[PDB]
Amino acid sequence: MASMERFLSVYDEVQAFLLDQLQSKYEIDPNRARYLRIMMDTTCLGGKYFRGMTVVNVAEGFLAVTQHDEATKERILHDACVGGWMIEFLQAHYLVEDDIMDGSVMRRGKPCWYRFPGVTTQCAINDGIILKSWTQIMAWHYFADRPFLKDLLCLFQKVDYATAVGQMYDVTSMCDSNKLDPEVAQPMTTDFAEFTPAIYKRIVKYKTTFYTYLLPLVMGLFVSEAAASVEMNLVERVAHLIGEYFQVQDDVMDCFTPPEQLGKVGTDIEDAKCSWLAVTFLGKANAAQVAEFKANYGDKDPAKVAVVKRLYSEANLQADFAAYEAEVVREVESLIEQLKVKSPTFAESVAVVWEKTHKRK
């Protein structure tokens, strides 16, 4: 789409600005510049640009209905593209660090960044850190005299902390809460008692939904000077809901979508993750199924990993996913209807977000 190439063109302005500032102010040599260019490209490009392109979609919505000089339209769009790139760079940061914490092997149809031969965990940890400072450098440079700067930085902060807290819920999702202890090596749960819908929901709310839906949506609002034109409690509710669905889909695909289709390789079963599959399976399994699940979950072993998949397929989780999906369609449509009271344009941007999410892979 033309609009996605126009987005990428702003990626090139930003890359150019960051790398020139490295040379002019940070005493960098061409070879490290080159390494940081390739790192930026590898970690930030080749996704679908969903987060970034949402910020742009929202802004366009308000421009269709709003009186502006042409130079104001151009600036709003550019600000939305820049804000889009903050969020894509924030994602890049999270995926680089996440792939380390998950012992992942592939991302966007390539090796995880830290697995590149000339990278390694040593460098990629820091590269992940650079990725997020860049989001701040962008904000302070591009949005220096913007009315929304302070509101934006503060929202960005808050989304980032929630996501890190959520990551903590995720990485410890396989241990018994009463057993967490810096001093003692953590055992994997044997009862699976904390694999419940409530616990799963909390994990997903934090680790995924703030940065993937709340941020892009409210960002689109901020660059638009349009936050007073929506019910922010509704933005939060619908972002948290669509974001949960997004993760459930992510959980399903980890187990059931071919790696050549997915672009990554699934590790949830081996990582013992609290995925939607695991929770739902335990929500409907009989006594014997639970025992066989417990014997196999959370082991690298191919005969074990494979057994968990047959336990999943045979428990007819498409039924459960279909009823889950149907309830979310209900509730998202409703939240949409509700946002139309104040903001027909925003509600429509939300319909598009929902539709693009609902039919992905």
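For every residue, the number given is its place in the sequence shown, counted from 1.
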- Avg C-alpha B-factor, entry values, 28-36 vs 299-307, higher side is 299-307
- Note on the structure: Once average C-alpha B-factors are taken from the entry for 198-206 and 278-286, the winner is 278-286
- Pick out which of 253, 87, 77, 219 has the highest C-alpha B-factor in the PDB entry. 253
- Kindly indicate the residue among 58, 329, 315, 44 with the greatest C-alpha B-factor in the PDB record. 315
- Note on the structure: Quick tally, chain-level thirds of C-alpha B-factors: residue 146 sits in the middle
- Message: Please say which third, lowest, middle or highest, residue 291 falls into when its CA temperature factor is compared across its chain.
- Response: highest
- Message: Going by the CA temperature factor in the PDB record, which third of the chain does residue 115 belong to: lowest, middle or highest?
- Response: middle
- Query: Going by what the PDB entry lists, where does residue 231 fall on CA B-factor within its chain: lowest, middle or highest third?
  - Reply: highest
- Among the modelled residues of its chain, does the C-alpha B-factor of residue 9 lie in the lowest, middle or highest third? lowest
